[PDB]
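**Student:** any chance you could fold what I've pasted below:
(2 chains, ligands or ions: 1)
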Amino acid sequence: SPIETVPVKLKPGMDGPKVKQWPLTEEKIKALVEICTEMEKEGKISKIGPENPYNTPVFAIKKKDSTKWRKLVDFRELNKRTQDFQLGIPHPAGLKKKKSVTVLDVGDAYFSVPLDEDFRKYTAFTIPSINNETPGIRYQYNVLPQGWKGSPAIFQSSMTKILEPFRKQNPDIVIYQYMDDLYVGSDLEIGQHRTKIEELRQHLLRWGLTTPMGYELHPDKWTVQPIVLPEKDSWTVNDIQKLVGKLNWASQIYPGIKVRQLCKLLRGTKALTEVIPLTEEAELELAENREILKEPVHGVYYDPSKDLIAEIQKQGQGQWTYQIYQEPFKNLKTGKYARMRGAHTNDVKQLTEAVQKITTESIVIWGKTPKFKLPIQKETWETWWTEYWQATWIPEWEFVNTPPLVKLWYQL
Amino acid sequence: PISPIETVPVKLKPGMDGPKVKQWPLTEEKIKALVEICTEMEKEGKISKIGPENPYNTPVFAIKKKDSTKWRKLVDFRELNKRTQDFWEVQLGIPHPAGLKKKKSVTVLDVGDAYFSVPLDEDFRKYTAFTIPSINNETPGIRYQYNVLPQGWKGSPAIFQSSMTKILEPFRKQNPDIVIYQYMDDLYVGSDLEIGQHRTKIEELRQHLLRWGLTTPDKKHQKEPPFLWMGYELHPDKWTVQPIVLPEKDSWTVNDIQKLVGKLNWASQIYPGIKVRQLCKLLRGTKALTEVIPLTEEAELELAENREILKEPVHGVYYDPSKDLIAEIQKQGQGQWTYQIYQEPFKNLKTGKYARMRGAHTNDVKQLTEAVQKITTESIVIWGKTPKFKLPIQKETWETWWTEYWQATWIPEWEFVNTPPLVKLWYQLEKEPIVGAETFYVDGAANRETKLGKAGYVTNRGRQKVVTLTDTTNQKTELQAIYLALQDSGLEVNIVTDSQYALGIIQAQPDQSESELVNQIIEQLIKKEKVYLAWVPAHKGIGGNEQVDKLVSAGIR
Ligand SMILES: CCc1nn(CCO)c(CC)c1Oc1cc(C#N)cc(C#N)c1
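**Tutor:** Numbers count the residues shown, from 1 in each chain, chains lettered A, B, ... in the order given. Next up is the structure itself:
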């Protein structure tokens, strides 16, 4: 049901994405063929020729409380070459303060709005075949595609119309749209909250988009976990040394930190196991530092012109620590992630969970996804991330070798 | 013929216009050939004469193939190609035999005069203009233009490919249970039908193709197994590598060893056990291609071991979609791994080898994991599924390593297989300081300008020592200092360094390194009974570190 399409434009000089398709399992290929041949019948996508030199990777996932294959297009390249995405969506600062936030998939809405004819070419993707027997099945989009930051930017106008009545009826509720999702926050009792969400789904329903008791976030109960300083009766050289190092490091973040009194204890070539009584002076410095570490961090502020970075460390025992900053040590936020009953044997599974959680928090706090520094081998991550991935979006990531000390500094 | 298929709209790169490369004056004989060649092509609709309007031109040439006095027409599309849009990419990979499904009957059909049976976008033909020059730049030459996909043009391979895909589609829909593989101008067909129906299905296919402008060979003209396909020898129920001949030679050149490694790496697809590591080593520094390289004792042994393997012709079996894939891995030696994939015990669909990471400090557990990863990727590519692994590592060894390592890691479903040499960790660092063990506070320094350096330690038992090093770095001194402490310590030791660098390396329990030094340290770490390693920040009022920093820094700024 076409309308007046919004003319889209790539950044001057920038050209369309030409990203290779990674091999997929027969299971996922079968699923994508079934899904795509159905989208073709509905006119959402159409086959393309070899004169289209563009490509964007495609995968198949399954959301939580979902056993039906879903198509996930990785538009990260196209997104970076777009913006345009010009008329962006403003991020409300009230969202992070709500007692509860509910995430709602509204991606099905985008398939109503036709995509600018001259932009379609850039949304090209391939369904590969096993053992390269058949050439890939190539398609492009005719409608706003899910996963492209251009879709929500264009759909704003229609989204505000859809939400106008609900907004005027509940002017205290915060609604934030990021990619294929809607973030809805209120300070209401969980019962009213859920009731209000249900009502919101009905409004969306009237507009053809079935928006299914989604994941419930509580940004209020989010508290930056400190760096953690031990609490022992007697201390060894090893423990003080371990403490000096830790604080020496933290001093790079929180200026108020002191270590001269503690260091005074570490003098002479003593055995690591020797017990050492702490001077009353060191006791203060220590306690004083613990207080500093409780509170945020004076000086760090979110800069909307700069990228967000997230580092994750494997702590063991299904535990993972992470930090979000724009400039190293200048932590805007730190946290933890403990394996939920089930992933009792999978590192990749837990890391993908941790990444999604951290990404979700970023969207809520800043309305932006961070660039991840993943403690894993590329090929391994490349091979398995889709096996447990359930988000409609995909953040940027790179692979790194965790510095052994960093693990300790943030170890709990 | 010329397929009645809708054309692919083609265009030049954004800010560009057609080629306008002048015709070189050509020989009388070469001009005669072009005239007749072009007359034939023109009669078949492949090309058409054009007016003087068309301002485009691409050079034309003529060359005769030996053992025959028959001329051939060569068009230099280098210019038009630079101006032609980018296209897709024919294919992301080539079918691997091991992935070929078992089918009772298989046929190869090649599409004849492929490129020339496919139409070119009319609005683009104007850019394919070429000129047969007149004997000595007389007057205008005979100007032509293509109507079909020109041989050597940028978009031909891709446009042909698509045209074939569009043509094969309806036939695919009406025959879901038949496999067709598109490869360049070839076309392989497989079914599980008894000849009778199969030849019928083939014939129906050809008729569908012919109905679309594409000629194929008829029964008596079709190739017969063995098929010599892209380096492989295909039989209906088995495959292998094209006959490999290892040249018996006295004195080897870089070029000879290069080709040797090539054939060997190639043969490794089905012949298990091939080792190439010792030959590659000879290819280091090379500097030349005709320079002869004397074979090391190790390379001669390796080459001999390879000959033995290749003496006995080996074959691969085909894929059965109903059975599980099983991959087995074995350690061949220093950073050398081989694997084999089968469905029925020891009937290999495929073989392979792994020997990455240039000794960036690693251990057998990391390597095995890497090999598993590589195998997993290729299995997905070749069969669309991951195999079940058979590894020469204890579940206990595996869990111990993974749980404690800093990087997330994960092997798909695997089973231990007692196939020596087994993978294991050779040593392990203590989790807490050793009571009643001497504590060495080590340190190293190196002058940036002079490259001179000092390494040493000081203990809690009051010992001390400082070595001078030449042509060193800060990194090397820190590792030298730890090495010193390990040499003068004995069975139990606590070592405190200021180097995150060294702590990092040792913590990963390496058993192999490109660094002679790191190997010394490893060799030494294996001998110990207990080793605890701790870190402290340098340049602090930290007893021990503060002191070694003195003797090691004195005389070296
Ligand atoms: C369905 C095509 C096919 N399947 N099989 C397994 C038989 O049980 C074989 C071995 C003969 C085939 O033939 C090819 C011949 C040539 C040639 N020439 C190339 C390829 C490929 N890929 C395949």
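
**Student:** residues contacting the residue nearest the centre of chain A?
**Tutor:** With distances taken as C-alpha atoms, centre = their mean, the residue of chain A nearest its centroid is residue A:359 (1.7 Å). Each residue near residue A:359 by C-beta atoms under 8 Å, 6 or more residues apart in numbering or on different chains is listed here: A:369, A:370, A:391, A:393, A:395. To be clear about C-beta, it is placed using only N, CA and C from the backbone, and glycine gets the same treatment.

**Student:** nearest to residue B:212, of the residues you listed?
**Tutor:** residue A:393 (43.9 Å; C-beta to C-beta).

**Student:** could you tell me how far the closest one is located from residue B:329?
**Tutor:** Going from residue A:393 to residue B:329 by C-beta to C-beta, to the nearest Å gives 37 Å.

**Student:** so chain B: which segments form each domain?
**Tutor:** Per the record, chain B has its domains at B:1-90+B:116-156, B:91-115+B:157-225, B:226-319, B:320-426, B:427-552, by curated CATH domains.

**Student:** check contacts around whichever residue of the stretch 51-200 of chain A sits closest to the ligand.
**Tutor:** Here the residue of the stretch 51-200 of chain A nearest the ligand is residue A:133; by C-beta to the nearest ligand atom that distance is 7.2 Å. Residues near residue A:133 by C-beta under 8 Å, 6+ apart: B:95, B:179, B:180, B:181, B:182.

**Student:** look up how far the ligand lies from the nearest residue to the third one once chain neighbours are set aside.
**Tutor:** Computed as C-beta to C-beta, 6 or more residues apart in numbering or on different chains, the closest residue to residue B:180 that is not its neighbour in sequence is residue B:189, at 5.5 Å. Taking C-beta to the nearest ligand atom, to the nearest Å as the measure, residue B:189 and the ligand are separated by 6 Å.

**Student:** tell me which element the residue in the stretch 201-350 of chain A positioned nearest to the ligand is part of?
**Tutor:** In the stretch 201-350 of chain A, the residue that lies nearest the ligand is residue A:348 (32.9 Å; C-beta to the nearest ligand atom). Element membership for residue A:348 (DSSP states H and E) is helix A:347-366.

**Student:** just the C-alphas of that helix, formatted as PDB.
**Tutor:** Extracted as PDB, the C-alpha positions of helix A:347-366 are listed here (Å, rounded to 0.1, in the frame of the first residue of the first chain):
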ATOM      1  CA  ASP A 347      31.200 -19.500  27.700                       C
ATOM      2  CA  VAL A 348      29.900 -18.300  24.300                       C
ATOM      3  CA  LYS A 349      26.300 -18.600  25.400                       C
ATOM      4  CA  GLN A 350      27.000 -16.500  28.600                       C
ATOM      5  CA  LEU A 351      29.100 -13.900  26.700                       C
ATOM      6  CA  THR A 352      26.300 -13.400  24.100                       C
ATOM      7  CA  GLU A 353      23.800 -13.000  27.000                       C
ATOM      8  CA  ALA A 354      26.100 -10.500  28.800                       C
ATOM      9  CA  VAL A 355      26.600  -8.500  25.500                       C
ATOM     10  CA  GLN A 356      22.800  -8.300  25.000                       C
ATOM     11  CA  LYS A 357      22.200  -7.100  28.500                       C
ATOM     12  CA  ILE A 358      25.000  -4.500  28.400                       C
ATOM     13  CA  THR A 359      23.700  -3.300  25.000                       C
ATOM     14  CA  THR A 360      20.200  -3.100  26.400                       C
ATOM     15  CA  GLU A 361      21.400  -0.900  29.300                       C
ATOM     16  CA  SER A 362      23.300   1.300  27.000                       C
ATOM     17  CA  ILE A 363      20.200   1.900  24.900                       C
ATOM     18  CA  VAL A 364      18.300   2.800  28.000                       C
ATOM     19  CA  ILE A 365      20.900   5.100  29.500                       C
ATOM     20  CA  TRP A 366      22.300   6.800  26.400                       C
END
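
**Student:** so how far is that helix from its chain's centroid?
**Tutor:** Between the centre of helix A:347-366 and the centre of its chain there are 5 Å (C-alpha atoms, centre = their mean, to the nearest Å).

**Student:** which positions within the following helix or strand past that helix qualify as buried?
**Tutor:** For helix A:347-366, the following helix or strand on the C-terminal side (DSSP H and E) is strand A:371-374. Using 16 or more other C-beta atoms under 10 Å in any protein chain shown as the test for burial, strand A:371-374 gives A:372, A:373, A:374.

**Student:** can you check stretch B:346-365 too?
**Tutor:** Quick answer for stretch B:346-365 (16+ other C-beta under 10 Å): B:348-355, B:361-365.

**Student:** among the residues you listed, which ones are in strands?
**Tutor:** Secondary structure assignment (DSSP state E) places B:348, B:349, B:350, B:351, B:352, B:353, B:354 from these within strands.

**Student:** out of the residues you listed, who's nearest residue A:183?
**Tutor:** Nearest to residue A:183 among those is residue B:354, at 46.0 Å by C-beta to C-beta.

**Student:** wait, residue A:40 touches residue A:141, no?
**Tutor:** No: here residue A:40 lies out of contact with residue A:141, judged by C-beta atoms under 8 Å, at a distance of 11.2 Å.

**Student:** give me the contacts around stretch A:25-40.
**Tutor:** The contact list for stretch A:25-40, computed with C-beta under 8 Å, 6+ apart, reads A:24, A:45-47, A:58-60, A:69, A:71, A:127-130, A:137, A:139, A:386, B:380, B:383-386.

**Student:** same thing with stretch B:227-234?
**Tutor:** Here stretch B:227-234 makes contact (C-beta under 8 Å, 6+ apart) with B:94, B:97, B:100, B:108, B:225, B:226, B:239, B:240, B:241, B:242, B:243, B:266.

**Student:** the residues you listed, buried ones only, as a ChimeraX selection?
**Tutor:** Burial among these is assessed by 16+ other C-beta under 10 Å; the matching ChimeraX selection reads:
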select /B:97,100,108,239,240,241,266
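
**Student:** burial check on residue 48, number of neighbours?
**Tutor:** Picked chain A for this. 20 (other C-beta atoms under 10 Å in any protein chain shown).

**Student:** I was after chain B.
**Tutor:** Number of residues near residue B:48 (other C-beta under 10 Å) recorded here: 13.

**Student:** and it, what element?
**Tutor:** Residue B:48 belongs to strand B:47-49 when assigned by DSSP H and E.

**Student:** now for that strand, which elements pack on it?
**Tutor:** If contacts are counted by 3 or more C-beta pairs under 8 Å, 6 or more residues apart in numbering or on different chains; DSSP states H and E, strand B:47-49 sits against helix B:28-43, strand B:142-146.

**Student:** deepest of the ones you listed, which one?
**Tutor:** Across these, averaging neighbours per residue (mean count of other C-beta atoms under 10 Å in any protein chain shown) puts strand B:142-146 on top, at a mean of 21.

**Student:** tell me the first helix or strand C-terminal of that one.
**Tutor:** Moving toward the C-terminus from strand B:142-146, the next helix or strand (DSSP H and E) is helix B:156-173.

**Student:** hmm, back to that, residue A:393 and residue B:329 - which one has more neighbours?
**Tutor:** residue B:329 (25 against 22).

**Student:** ok, what's across the strand from that one?
**Tutor:** residue B:339 (DSSP bridges).

**Student:** separation between it and residue B:368?
**Tutor:** With distances taken as C-beta to C-beta, residue B:329 is found 7 Å from residue B:368.

**Student:** where along the stretch 451-557 of chain B do the helices fall?
**Tutor:** For the stretch 451-557 of chain B, applying DSSP state H, counting those that start in this stretch gives helices covering B:474-487, B:500-507, B:516-527, B:545-551.

**Student:** residues touching residue B:455, list them.
**Tutor:** Residue B:455 makes contacts with B:442, B:443, B:444, B:466, B:467, B:469, B:477, B:478, B:480, B:481, B:484, B:552, as judged by C-beta under 8 Å, 6+ apart.
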